[PDB]
Amino acid sequence: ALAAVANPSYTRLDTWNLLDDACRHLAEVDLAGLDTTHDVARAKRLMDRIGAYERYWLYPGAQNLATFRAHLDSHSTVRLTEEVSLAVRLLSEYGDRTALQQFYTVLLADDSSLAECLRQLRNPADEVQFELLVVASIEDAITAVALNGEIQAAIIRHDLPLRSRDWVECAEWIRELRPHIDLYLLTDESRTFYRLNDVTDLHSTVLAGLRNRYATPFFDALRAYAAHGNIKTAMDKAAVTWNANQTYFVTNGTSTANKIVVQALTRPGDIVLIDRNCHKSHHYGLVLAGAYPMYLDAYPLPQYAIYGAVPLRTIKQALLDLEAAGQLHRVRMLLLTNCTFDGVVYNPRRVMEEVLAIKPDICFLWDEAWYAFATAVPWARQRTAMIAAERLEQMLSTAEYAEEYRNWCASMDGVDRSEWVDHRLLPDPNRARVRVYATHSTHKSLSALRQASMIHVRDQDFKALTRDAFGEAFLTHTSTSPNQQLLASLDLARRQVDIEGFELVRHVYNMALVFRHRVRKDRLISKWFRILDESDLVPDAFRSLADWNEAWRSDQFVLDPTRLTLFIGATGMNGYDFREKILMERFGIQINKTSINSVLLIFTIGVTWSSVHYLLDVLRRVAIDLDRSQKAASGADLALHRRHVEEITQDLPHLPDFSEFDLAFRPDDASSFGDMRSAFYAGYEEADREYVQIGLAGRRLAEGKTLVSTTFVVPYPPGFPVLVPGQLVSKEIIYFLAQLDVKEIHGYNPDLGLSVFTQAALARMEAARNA
Amino acid sequence: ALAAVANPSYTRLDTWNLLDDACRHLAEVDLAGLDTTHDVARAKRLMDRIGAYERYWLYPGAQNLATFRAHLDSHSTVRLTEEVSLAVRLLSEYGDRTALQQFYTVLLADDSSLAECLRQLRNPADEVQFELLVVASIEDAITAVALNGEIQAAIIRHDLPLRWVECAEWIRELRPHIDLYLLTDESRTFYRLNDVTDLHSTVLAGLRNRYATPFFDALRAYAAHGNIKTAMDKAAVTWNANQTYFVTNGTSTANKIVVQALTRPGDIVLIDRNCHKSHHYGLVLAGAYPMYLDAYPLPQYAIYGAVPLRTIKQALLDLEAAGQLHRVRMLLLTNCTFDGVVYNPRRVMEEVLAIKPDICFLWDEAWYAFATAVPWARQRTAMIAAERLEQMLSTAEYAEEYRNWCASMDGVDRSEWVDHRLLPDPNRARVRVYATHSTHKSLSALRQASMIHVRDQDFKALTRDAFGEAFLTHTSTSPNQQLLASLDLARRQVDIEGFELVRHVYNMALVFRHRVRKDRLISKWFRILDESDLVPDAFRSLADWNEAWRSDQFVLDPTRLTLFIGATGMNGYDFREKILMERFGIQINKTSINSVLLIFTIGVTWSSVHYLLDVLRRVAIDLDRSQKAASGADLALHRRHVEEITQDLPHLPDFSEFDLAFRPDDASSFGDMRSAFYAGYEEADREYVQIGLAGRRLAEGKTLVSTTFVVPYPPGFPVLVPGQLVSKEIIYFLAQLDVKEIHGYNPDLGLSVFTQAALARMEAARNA
């Protein structure tokens with residue numbers, strides 16, 4: 001899987017340009033009559049390196065790499081230079097088209113011809129064209145697909161040598177590495193084919209699959225207009241792309257997709273386990289639904305003032321506490337953001353397994369707004385909610401899993417349920433129901449238009465339990481005149497993932513890893529700038545190429561490299577004012593979040609190596625100016641700068657945990673879930689609301705006049721509601737908000753103070769809550 | 001004002017074509033040497049007709065029309081023909097700008113020069129150009145603005161022969177968006193002699209202000225508190241709001257933002273029963289208690305009207321007798337009903353604020369964003385009504401009128417107040433009006449783009465925090481910029497083009513209505529429902545028609561064209577399908593048992609009207625063909641279909657009740673529809689009753705209560721809402737429907753209703 005990201009093959013385009021400049025240099029040597037030995041040896045070495053992988057690309061190929069070796073071994077420098085220049089020119093735009101309209105590479109794994117028959121079947125006028133990349137082994141097939149993103153389809157012989165010269169298991173590896181490419185089987189034994197009998201129906205089937213994954217029914221219909229129907233087909237193709245059972249297009253973003261799902265699954269007073277640092281759209285969806293959130297604290301990253309992911313032990317503990325309270329039955333759903341804004345990726349399969357061990361019929365909503373692209377690539381795909389859900393269902397169905405569960409139950413003889421937090425947990429096969437949901441803001445990660453989203457449903461009980469509720473929620477939240485351009489953009493993004501998705505997203509990951517490497521190695525940047533590692537953003541408690549492939553497979557959290565938290569603390573300037581006065585003011589670089597000492601940069605499918613050079617050059621320029629200041633600075637200026645660096649990096653205020661809801665708003669005194677809807681509307685009783693200055697708040701806590709938030713206080717440096725309606729304003733929250741000079745705090749106005757419930761109000765509400 | 005619609009000068013472009021037709025033929029007579037007397041007299045008559053109004057337009061105007069008169073009186077037919085052809089050609093595309101880039105006419109009301117000075121100030125290279133249409137009177141000024149929709153600015157002398165402040169208000173009344181400037185030589189207002197250069201700059205600046213689209217231009221520059229704030233401020237000024245909020249998810253969501261912002265759970269909301277579904281879902285989200293108000297029936301057509309104001313007043317006074325008036329927080333009415341019935345907001349707000357001086361009004365004006373362009377429809381718009389209502393309350397003249405009204409109400413019981421036209425107390429009535437506009441439905445804006453318009457006196461104090469939280473609740477954090485830029489473009493459209501555009505639509509609707517009435521071949525098979533059809537006499541009391549829009553309780557908007565097809569003997573559903581769509585591709589907005597609703601919009605053109613007329617002529621021709629080919633048995637079957645479609649129509653069922661399980665107050669009709677909505681998802685408490693069994697079960701007394709919104713296609717509105725009693729009328733209505741598009745009701749399963757055990761348990765809890 002993750003090996004596909006790291007190989008010479010991805011940099012092959014650069015290596016071919018390198019060959020084109022070595023070959024030109026060889027020509028410049030030969031035209032001068034000088035000793036060619038140096039540049040012939042250079043070109044030979046480069047081409048021999050290229051020959052490690054060029055067999056897997058249609059146009060330059062082994063045939064023409066060999067032809068160039070033959071030309072070079074005859075010192076035909078002029079011809080060799082001309083042909084290499086031509087080859088790399090065609091390569092730059094015609095990646096594989098020069099092998100011969102849509103054009104796709106089709107892998108044929110056949111050591112045997114079928115290739116020539118399929119070529120003869122090709123009609124040059126057809127709208128979609130392909131050329132066969134023939135490979136003579138299973139290992140060569142898997143390498144070809146993984147390395148070559150252009151291989152839209154694969155054709156596999158039943159008889160194939162596993163060893164490389166230089167079958168169901170081959171097919172499963174192709175499906176694993178390249179989830180969207182069409183995979184076909186040939187079988188001479190007395191989709192699968194008979195190779196001799198059907199080369200014309202094989203050709204037709206390959207063309208049909210390619211058109212199926214290229215055709216955009218709704219975008220084409222909208223073009224024809226502008227010049228149950230096509231929208232159903234587009235949603236079905238989206239479901240097939242994102243491994244959902246059903247897909248629902250939403251034209252008010254994932255803010256509204258979240259609410260549709262929450263309302264569909266939750267009735268008023270359903271307990272929802274939710275990441276405390278969830279998107280605000282979840283907080284508002286909860287107040288709308290009237291569900292009782294039990295907020296789960298994401299583990300702290302004190303050095304950076306950012307939250308991580310919610311540890312699985314936290315979820316398990318919450319569920320088991322609710323069970324001890326007898327409130328587990330009420331619990332209806334867990335809301336987790338599969339990739340945190342900062343890039344901390346949950347392992348959904350493990351979280352759903354251990355949660356369904358506690359609550360076999362809980363629903364999962366994964367707010368994967370940033371991870372729509374992830375389905376394109378196997379390493380991130382496996383961590384996607386729909387793929388995790390399918391894999392979990394397929395495990396729960398297997399008899400071998402049933403034996404494994406029986407052994408696990410035997411291992412759990414006499415273990416208390418309270419202890420279950422200590423031990424890894426397996427869902428019951430005969431009770432665990434897989435009811436997984438995802439919401440994708442396609443625009444954030446893909447070409448889709450802004451405000452276009454996709455709810456992905458893989459729920460075993462959707463048709464009975466949730467279909468009517470989900471229809472009524474969809475009618476509640478969507479407008480009756482949805483914008484057709486947004487839906488067509490979702491169809492276009494689906495087609496992009498289906499065809500271009502693997503190469504695009506793999507390139508994004510490559511570019512993010514290249515940027516990380518260049519920033520780390522470069523001594524001029526590295527002294528002033530840092531990009532936070534897995535070890536920075538993911539504690540050891542949660543981390544256990546082979547080891548890095550296993551990390552994405554099996555670790556609880558991984559850092560997605562495409563989320564690039566540039567730590568700037570060594571520069572001694574706020575993240576906010578680094579974004580403003582350097583990135584935006586000087587360089588126009590947009591970024592997604594700022595932090596006290598770090599700036600988050602998210603690479604997307606549109607990133608190019610030119611963008612990576614731009615960012616690297618920008619950081620080099622800033623480092624140069626910082627070195628200029630350091631060498632011009634007096635000892636007093638150096639002292640001030642060192643003080644700023646300490647302020648930005650050392651005495652950071654710990655981001656506060658969720659202080660509980662007030663007993664006025666916790667329905668169960670024994671349980672942490674709160675009636676946050678009630679507190680939300682109660683905060684609009686102006687007789688019940690008052691304002692407490694934060695300088696007075698800390699003293700009032702000593703008086704015991706319990707401060708309880710009426711409103712979502714949402715400081716931007718965290719970026720999350722630090723208080724929610726009905727939340728106890730704790731000593732740590734007072735302290736945090738006091739240590740903030742930032743002017744963008746929503747719901748908190750330092751001119752007035754914290755909007756808090758009056759003690760009389762709280763007393764009355766507590767009385768009501770009792771009786 | 002409405003006479004700005006019903007005038008000959010609208011057709012002057014056609015009439016100028018007529019001259020070209022009549023002038024060219026004159027030449028064809030002269031070139032043959034024939035007697036010209038016939039065609040010279042035709043041209044003279046036509047031009048004399050043109051001359052009654054052409055002085056109000058720039059390019060041909062009094063000058064060229066007088067030149068053509070001279071030519072025609074000298075029989076210079078060839079020259080006359082050429083210059084008429086040239087003029088009418090230029091008139092068609094550039095006929096404003098040919099008087100000389102944005103180009104606008106500016107009226108100068110000046111009988112006196114400022115004109116030549118302002119012309120001299122003009123620089124041909126300027127982005128925005130204008131030429132002065134000078135007129136010599138107030139009445140010529142008023143007529144010029146009203147007729148010439150290309151006039152964008154007015155400059156008025158203080159001394160003007162009527163045959164000036166009153167003049168100005170008529171300009172503002174008729175042309176609310178055009179910039180209105182005053183000249184005043186006495187020792188925006190100007191000194192005519194002193195400042196010809198700053199007048200010029202001011203005119204240019206105002207035109208630029210209403211033309212400049214800050215956000216669309218910014219989005220173009222990007223694609224090649226900030227501009228979005230400026231666009232919203234310009235939208236507020238265009239739609240006469242105090243504030244405007246751009247909702248990217250459409251009026252569906254604009255409605256919910258407002259309802260959430262104004263209502264807390266348990267706050268009674270009076271609402272029309274024919275309200276859009278987005279209000280039903282907004283109520284279950286907000287937890288408000290709807291008191292659904294019956295729109296008056298139109299039994300012949302199976303459509304609802306508007307909610308009578310007596311019904312609103314009675315509901316408020318019933319809630320007062322129950323002691324529940326204080327809970328009431330808002331009245332929700334759709335200012336224009338789907339079928340075109342226009343409420344008079346000023347009268348509804350006045351008489352409602354007499355009962356509940358601090359009620360908020362949300363006007364779901366999704367179809368009426370265009371209306372603000374034109375004075376007749378504008379005056380019936382929520383924001384203009386709110387401003388006029390606010391101004392009236394502040395005047396001391398109204399305080400005396402209110403004192404006289406209170407003196408007239410001495411000893412009258414409040415129960416009788418439904419009988420008497422009420423007046424709001426100026427010392428208590430707070431004007432808290434809201435509107436939501438689906439700009440796309442009525443204007444060029446992109447689909448799903450909406451504008452909440454707020455004119456609320458207590459917005460800053462009470463609603464500002466609640467409205468921000470609701471706006472954060474319902475809008476997405478990554479709104480589509482193209483939708484917002486489309487709202488800026490639609491604002492610019494209304495600011496400049498809107499009057500001529502919208503006034504053209506009404507003209508087109510009236511033309512279409514007139515042509516359908518006169519044409520004997522269409523009129524025998526097709527009808528467009530009149531005011532008298534869609535508005536009972538009880539609610540209706542050129543000058544008479546102007547007073548109707550000003551003062552009648554309801555009016556029919558002509559732009560909503562309910563084509564009655566019952567005489568054709570085919571369903572409105574299958575008329576849309578098997579004729580309009582199948583044969584002609586004609587899209588329409590709604591269908592009914594015997595009618596099809598066609599809504600004209602700014603893009604409507606006379607060519608579209610010929611298409612519609614020709615289509616109805618073709619269908620009438622085929623129907624006449626069938627009538628003359630039909631046997632007596634075929635004619636009998638056809639007569640039966642007409643009776644089925646038109647005579648024994650099932651009455652649309654009024655709202656019944658919310659049940660005692662869901663009515664929080666036994667004495668009051670409002671119900672906790674939220675609780676019923678979510679109670680309907682307990683599968684142990686829900687059951688299905690077949691409608692063939694439902695009528696019997698009502699005789700058993702096993703009260704049927706809907707768990708879900710049952711939305712039958714012919715009405716298009718929830719006939720049942722969660723927790724509503726399924727009445728004999730509703731059972732009968734749903735039994736008499738063969739339609740397959742009923743949401744929430746599956747005839748395979750039956751009506752989803754609460755079990756009797758569930759109802760008993762819920763009622764037990766509600767009482768105690």
# chains A, B, ... in the order shown; residues from 1 in each chain; ligands from 1

$ interface_residues --of "chain A" --to "chain B" --cutoff "7 Å" --atoms "only C-alpha atoms" --output "ChimeraX atom specification"
/A:252-253,255-256,267,281,284,288,450-451,476,479-483,681

$ write_last_selection --atoms "N, CA and C atoms" --output "compact mmCIF listing (two decimals), in the first residue's frame"
# COMPACT_ATOMS: atom_id res chain seq x y z
N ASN A 252 -25.87 21.99 0.72
CA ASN A 252 -25.59 22.99 1.75
C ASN A 252 -24.40 22.56 2.60
N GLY A 253 -23.50 21.76 2.02
CA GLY A 253 -22.25 21.41 2.66
C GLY A 253 -22.38 20.32 3.70
N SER A 255 -21.93 20.88 6.76
CA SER A 255 -22.62 21.45 7.91
C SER A 255 -24.05 20.94 7.95
N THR A 256 -24.68 20.85 6.79
CA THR A 256 -26.05 20.38 6.68
C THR A 256 -26.13 18.87 6.57
N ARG A 267 -33.37 10.80 17.99
CA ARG A 267 -34.54 11.51 18.49
C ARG A 267 -34.16 12.34 19.70
N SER A 281 -20.99 22.66 13.37
CA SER A 281 -22.21 22.15 12.75
C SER A 281 -22.80 21.00 13.55
N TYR A 284 -24.62 22.63 16.69
CA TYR A 284 -25.92 23.13 16.26
C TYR A 284 -26.89 22.01 15.87
N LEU A 288 -30.48 21.34 17.61
CA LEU A 288 -31.68 21.12 16.80
C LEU A 288 -32.34 19.78 17.14
N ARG A 450 -17.84 24.64 -3.98
CA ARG A 450 -18.03 24.96 -2.57
C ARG A 450 -19.49 24.72 -2.19
N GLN A 451 -19.70 24.20 -0.98
CA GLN A 451 -21.03 23.94 -0.42
C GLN A 451 -21.65 22.66 -0.97
N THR A 476 -36.20 18.06 5.61
CA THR A 476 -36.09 19.16 6.56
C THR A 476 -34.98 20.11 6.18
N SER A 479 -33.00 22.38 0.52
CA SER A 479 -33.92 23.29 -0.14
C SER A 479 -34.62 22.61 -1.31
N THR A 480 -35.83 23.08 -1.60
CA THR A 480 -36.66 22.49 -2.64
C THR A 480 -36.19 22.86 -4.05
N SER A 481 -35.29 23.83 -4.18
CA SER A 481 -34.70 24.21 -5.45
C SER A 481 -33.19 24.13 -5.33
N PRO A 482 -32.63 22.92 -5.29
CA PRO A 482 -31.19 22.78 -5.14
C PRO A 482 -30.45 23.20 -6.40
N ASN A 483 -29.26 23.77 -6.20
CA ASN A 483 -28.48 24.28 -7.31
C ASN A 483 -27.90 23.12 -8.11
N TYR A 681 -31.48 27.47 24.47
CA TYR A 681 -32.64 28.37 24.48
C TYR A 681 -32.80 29.12 25.80

$ residues_around --residues "residue 737 of chain B" --least-positions-apart "4" --cutoff "12 Å" --atoms "only C-alpha atoms" --output "ChimeraX atom specification"
/B:593,649-652,691,711-715,730-733,741-742,745,747

$ atom_distance --atom1 "atom CA of residue 439 of chain B" --atom2 "atom CA of residue 244 of chain B"
12.5 Å

$ closest_residue --among "B:580, B:300, B:119, B:643" --to "residue 564 of chain B" --atoms "only C-alpha atoms"
B:300

$ residues_around --residues "residue 717 of chain A" --least-positions-apart "2" --cutoff "6 Å" --atoms "only C-alpha atoms" --output "PyMOL selection string"
chain A and resi 595+715+719

$ write_last_selection --atoms "N, CA, C and O atoms" --output "PDB file, in the first residue's frame"
ATOM      1  N   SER A 595      -2.240  28.840  14.697  1.00  0.00           N
ATOM      2  CA  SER A 595      -2.078  28.443  16.087  1.00  0.00           C
ATOM      3  C   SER A 595      -1.052  29.365  16.727  1.00  0.00           C
ATOM      4  O   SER A 595      -0.381  30.143  16.049  1.00  0.00           O
ATOM      5  N   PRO A 715     -13.286  30.578  20.970  1.00  0.00           N
ATOM      6  CA  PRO A 715     -12.002  31.207  20.632  1.00  0.00           C
ATOM      7  C   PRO A 715     -11.365  30.556  19.409  1.00  0.00           C
ATOM      8  O   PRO A 715     -11.282  29.333  19.300  1.00  0.00           O
ATOM      9  N   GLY A 719     -10.163  27.186  17.931  1.00  0.00           N
ATOM     10  CA  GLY A 719     -11.121  27.086  16.848  1.00  0.00           C
ATOM     11  C   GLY A 719     -12.371  26.295  17.147  1.00  0.00           C
ATOM     12  O   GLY A 719     -13.171  26.065  16.234  1.00  0.00           O
TER      13      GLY A 719
END

$ select_by_dssp --residues "segment 456-533 of chain A" --states "helix (DSSP H, G or I)" --output "compact mmCIF listing (two decimals) with C-alpha atoms, in the first residue's frame"
# COMPACT_ATOMS: atom_id res chain seq x y z
CA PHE A 462 -31.16 1.70 7.09
CA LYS A 463 -34.14 0.40 5.13
CA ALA A 464 -36.25 -0.33 8.23
CA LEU A 465 -35.06 1.74 11.19
CA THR A 466 -33.74 4.86 9.44
CA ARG A 467 -35.03 5.22 5.86
CA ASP A 468 -38.18 7.18 6.78
CA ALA A 469 -36.35 9.25 9.41
CA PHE A 470 -33.55 9.98 6.96
CA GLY A 471 -35.99 11.01 4.25
CA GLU A 472 -37.76 13.38 6.63
CA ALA A 473 -34.43 14.84 7.77
CA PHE A 474 -33.30 15.27 4.17
CA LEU A 475 -36.54 17.11 3.39
CA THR A 476 -36.09 19.16 6.56
CA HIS A 477 -32.63 20.41 5.72
CA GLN A 484 -27.83 21.93 -10.22
CA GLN A 485 -24.25 23.17 -10.67
CA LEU A 486 -23.38 21.85 -7.20
CA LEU A 487 -24.77 18.40 -8.04
CA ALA A 488 -22.92 18.39 -11.36
CA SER A 489 -19.75 19.34 -9.48
CA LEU A 490 -20.31 16.33 -7.23
CA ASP A 491 -20.66 14.16 -10.33
CA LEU A 492 -17.43 15.65 -11.70
CA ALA A 493 -15.61 15.00 -8.42
CA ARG A 494 -16.93 11.43 -8.46
CA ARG A 495 -15.57 10.93 -11.98
CA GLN A 496 -12.29 12.52 -10.86
CA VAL A 497 -11.92 10.04 -8.00
CA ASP A 498 -13.00 7.13 -10.21
CA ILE A 499 -10.37 7.77 -12.91
CA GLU A 500 -7.85 10.45 -11.93
CA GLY A 501 -8.27 9.92 -8.21
CA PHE A 502 -5.44 7.50 -7.48
CA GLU A 503 -2.72 9.35 -9.40
CA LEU A 504 -3.93 12.74 -8.17
CA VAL A 505 -4.13 11.84 -4.48
CA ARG A 506 -0.94 9.77 -4.57
CA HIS A 507 0.75 12.81 -6.08
CA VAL A 508 -0.63 14.97 -3.25
CA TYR A 509 0.86 12.61 -0.67
CA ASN A 510 4.13 12.51 -2.61
CA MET A 511 4.25 16.31 -2.68
CA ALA A 512 3.51 16.60 1.04
CA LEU A 513 6.24 14.09 1.87
CA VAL A 514 8.67 15.88 -0.46
CA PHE A 515 7.85 19.19 1.22
CA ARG A 516 8.35 17.66 4.67
CA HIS A 517 11.67 16.12 3.62
CA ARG A 518 12.97 19.31 2.00
CA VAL A 519 12.00 21.43 5.01
CA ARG A 520 13.62 18.95 7.41
CA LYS A 521 16.85 18.53 5.43
CA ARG A 523 19.55 23.71 7.14
CA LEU A 524 18.40 27.27 6.41
CA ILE A 525 14.68 26.50 6.79
CA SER A 526 15.14 23.82 9.44

$ select_by_dssp --residues "segment 623-709 of chain B" --states "strand (DSSP E or B)" --output "PyMOL selection string"
chain B and resi 686-689+705-706

$ atom_distance --atom1 "atom CA of residue 71 of chain A" --atom2 "atom CA of residue 16 of chain A"
16.3 Å

$ residues_around --residues "residue 699 of chain B" --least-positions-apart "6" --cutoff "12 Å" --atoms "only C-alpha atoms" --output "PyMOL selection string"
chain B and resi 693+727-728

$ residues_around --residues "segment 172-189 of chain A" --least-positions-apart "2" --cutoff "6 Å" --atoms "only C-alpha atoms" --output "PyMOL selection string"
chain A and resi 1+152-158+169-170+191-195+378+498

$ write_last_selection --atoms "C-alpha atoms" --output "PDB file, in the first residue's frame"
ATOM      1  CA  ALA A   1       0.000   0.000   0.000  1.00  0.00           C
ATOM      2  CA  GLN A 152      -7.528   2.221 -15.435  1.00  0.00           C
ATOM      3  CA  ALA A 153      -8.186  -1.470 -16.158  1.00  0.00           C
ATOM      4  CA  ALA A 154      -6.417  -4.774 -15.549  1.00  0.00           C
ATOM      5  CA  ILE A 155      -6.693  -8.139 -17.309  1.00  0.00           C
ATOM      6  CA  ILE A 156      -5.315 -11.171 -15.458  1.00  0.00           C
ATOM      7  CA  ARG A 157      -4.625 -14.665 -16.749  1.00  0.00           C
ATOM      8  CA  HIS A 158      -5.629 -17.518 -14.472  1.00  0.00           C
ATOM      9  CA  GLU A 169      -4.500 -13.367  -4.561  1.00  0.00           C
ATOM     10  CA  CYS A 170      -3.126 -11.218  -7.368  1.00  0.00           C
ATOM     11  CA  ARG A 191     -15.698 -10.550 -14.542  1.00  0.00           C
ATOM     12  CA  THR A 192     -14.183 -13.772 -15.913  1.00  0.00           C
ATOM     13  CA  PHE A 193     -13.534 -14.561 -19.574  1.00  0.00           C
ATOM     14  CA  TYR A 194     -12.343 -17.360 -21.819  1.00  0.00           C
ATOM     15  CA  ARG A 195      -9.283 -15.786 -23.421  1.00  0.00           C
ATOM     16  CA  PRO A 378      -5.191   2.363  -0.243  1.00  0.00           C
ATOM     17  CA  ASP A 498     -12.997   7.128 -10.215  1.00  0.00           C
TER      18      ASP A 498
END

$ atom_distance --atom1 "atom CA of residue 750 of chain A" --atom2 "atom CA of residue 688 of chain A"
19.4 Å

$ residues_around --residues "segment 570-579 of chain B" --least-positions-apart "3" --cutoff "6 Å" --atoms "only C-alpha atoms" --output "list in words"
residues 582, 583, 591, 592, 593, 594, 595 and 596 of chain B

$ residues_around --residues "residue 383 of chain A" --least-positions-apart "4" --cutoff "8 Å" --atoms "only C-alpha atoms" --output "PyMOL selection string"
chain A and resi 345-349+379+387-388+552-553

$ closest_atom_pairs --of "segment 403-521 of chain B" --to "segment 229-235 of chain B" --cutoff "9 Å" --atoms "only C-alpha atoms" --output "JSON lines"
{"residue": "B:451", "atom": "CA", "partner": "B:235", "partner_atom": "CA", "distance": 8.3}
{"residue": "B:453", "atom": "CA", "partner": "B:235", "partner_atom": "CA", "distance": 8.7}
{"residue": "B:484", "atom": "CA", "partner": "B:231", "partner_atom": "CA", "distance": 8.7}
{"residue": "B:485", "atom": "CA", "partner": "B:231", "partner_atom": "CA", "distance": 8.6}
{"residue": "B:487", "atom": "CA", "partner": "B:231", "partner_atom": "CA", "distance": 8.2}
{"residue": "B:488", "atom": "CA", "partner": "B:231", "partner_atom": "CA", "distance": 5.8}
{"residue": "B:490", "atom": "CA", "partner": "B:235", "partner_atom": "CA", "distance": 9.0}
{"residue": "B:491", "atom": "CA", "partner": "B:235", "partner_atom": "CA", "distance": 5.7}
{"residue": "B:492", "atom": "CA", "partner": "B:234", "partner_atom": "CA", "distance": 8.5}
{"residue": "B:495", "atom": "CA", "partner": "B:235", "partner_atom": "CA", "distance": 8.9}

$ write_last_selection --atoms "N, CA and C atoms" --output "JSON list (two decimals), in the first residue's frame"
[["chain", "number", "residue", "atom", "x", "y", "z"],
["B", 451, "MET", "N", -32.46, 35.79, 0.20],
["B", 451, "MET", "CA", -32.17, 37.03, 0.94],
["B", 451, "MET", "C", -33.19, 37.20, 2.06],
["B", 453, "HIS", "N", -34.73, 39.58, 4.51],
["B", 453, "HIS", "CA", -34.87, 41.02, 4.67],
["B", 453, "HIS", "C", -35.45, 41.30, 6.05],
["B", 484, "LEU", "N", -23.63, 33.88, -3.83],
["B", 484, "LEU", "CA", -23.62, 35.23, -3.28],
["B", 484, "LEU", "C", -23.45, 36.27, -4.37],
["B", 485, "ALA", "N", -22.56, 36.00, -5.34],
["B", 485, "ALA", "CA", -22.37, 36.92, -6.45],
["B", 485, "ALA", "C", -23.61, 37.02, -7.32],
["B", 487, "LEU", "N", -26.61, 36.91, -6.11],
["B", 487, "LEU", "CA", -27.50, 37.81, -5.38],
["B", 487, "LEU", "C", -27.09, 39.26, -5.59],
["B", 488, "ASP", "N", -25.79, 39.53, -5.70],
["B", 488, "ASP", "CA", -25.35, 40.88, -6.04],
["B", 488, "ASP", "C", -25.79, 41.27, -7.44],
["B", 490, "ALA", "N", -28.43, 40.04, -9.07],
["B", 490, "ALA", "CA", -29.87, 40.24, -9.04],
["B", 490, "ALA", "C", -30.25, 41.56, -8.37],
["B", 491, "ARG", "N", -29.49, 41.98, -7.36],
["B", 491, "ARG", "CA", -29.73, 43.29, -6.77],
["B", 491, "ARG", "C", -29.50, 44.41, -7.79],
["B", 492, "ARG", "N", -28.36, 44.37, -8.48],
["B", 492, "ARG", "CA", -28.11, 45.33, -9.55],
["B", 492, "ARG", "C", -29.23, 45.32, -10.58],
["B", 495, "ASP", "N", -32.12, 47.09, -9.12],
["B", 495, "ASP", "CA", -31.79, 48.50, -8.96],
["B", 495, "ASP", "C", -31.97, 49.27, -10.26]]

$ closest_residue --among "A:391, A:60, A:112, A:129" --to "residue 210 of chain A" --atoms "only C-alpha atoms"
A:129

$ closest_residue --among "A:221, A:564, A:335, A:23" --to "residue 310 of chain A" --atoms "only C-alpha atoms"
A:335

$ closest_residue --among "A:385, A:607, A:301, A:144" --to "residue 339 of chain A" --atoms "only C-alpha atoms"
A:385
